[PDB]
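Q:
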Amino acid sequence: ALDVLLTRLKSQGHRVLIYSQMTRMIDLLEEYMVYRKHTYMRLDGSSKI
DNA sequence: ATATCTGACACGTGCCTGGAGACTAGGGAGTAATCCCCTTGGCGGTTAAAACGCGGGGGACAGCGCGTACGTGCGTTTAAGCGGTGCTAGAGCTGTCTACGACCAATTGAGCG
């Protein structure tokens, strides 16, 4: 469902934030977002100030 | 029955440990020149080596006796907790002086006459 929404939103040109609960889920989201070369950034609480 | 508790279970950031990248420039690795060394090896004043004849004393008893062992008495030993509360390291920060850097003199080793 997320991939069809990101292809929807990328075709429309809108800027998007993705929220998740788990850092292990954010790893999965990042490996997807890298694989589809979407451009990506992450700021888990283990990121430095 | 109910309030609310003790996991479940996770991502918050702290700390330091611990890795790999790109730089200088300290120093390691490559080399002759050449000397001076570890090493080979004959020389005879000096002591390892073993008898004979021999001196110093090692050896095996008998038993006396100044000390040594057991293991309980009895009064002196440390144990023991937990009161107060001064010491004690943390640790935060100077406030410099002290040992370690930067520039160049008295004294030394090398050259051979």
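Residues in the first sequence are numbered from 1105 upward in steps of one, following PDB author numbering. We put the CB at the ideal spot given by N, CA and C, even for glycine.
Counting along the chain, where does the alpha helix (DSSP H) carrying residue 1126 start and finish?
A: If you number the first sequence from 1, residue 1126 lands on position 22. Note, residue 1126: premise wrong, no alpha helix (DSSP H); not H, not E.
Q: Taking only the alpha-carbon atoms, compute the straight-line gap between residue 1105 and residue 1112 and give it to the nearest angstrom.
A: Here residue 1105 is taken as the residue at index 1 of the first sequence, counted from 1. Here residue 1112 is taken as the residue at index 8 of the first sequence, counted from 1. Cα to Cα, residue 1105 sits roughly 11 Å from residue 1112.
Q: Quick check on DSSP: helix, strand or coil for residue 1143?
A: As a working mapping, residue 1143 is identified with position 39 in the first sequence. Three-state DSSP puts residue 1143 in coil, outside helix and strand.
Q: What three-state label does DSSP hand residue 1114 in the structure shown?
A: By 1-based counting over the first sequence, the position of residue 1114 is 10. Helix at residue 1114.
Q: Just the C-alpha distance for residue 1148 and residue 1129, rounded to the nearest angstrom, thanks.
A: The residue labelled residue 1148 in the question sits at position 44 within the first sequence. The residue labelled residue 1129 in the question sits at position 25 within the first sequence. When rounded, the distance between both Cα atoms is 11 Å.
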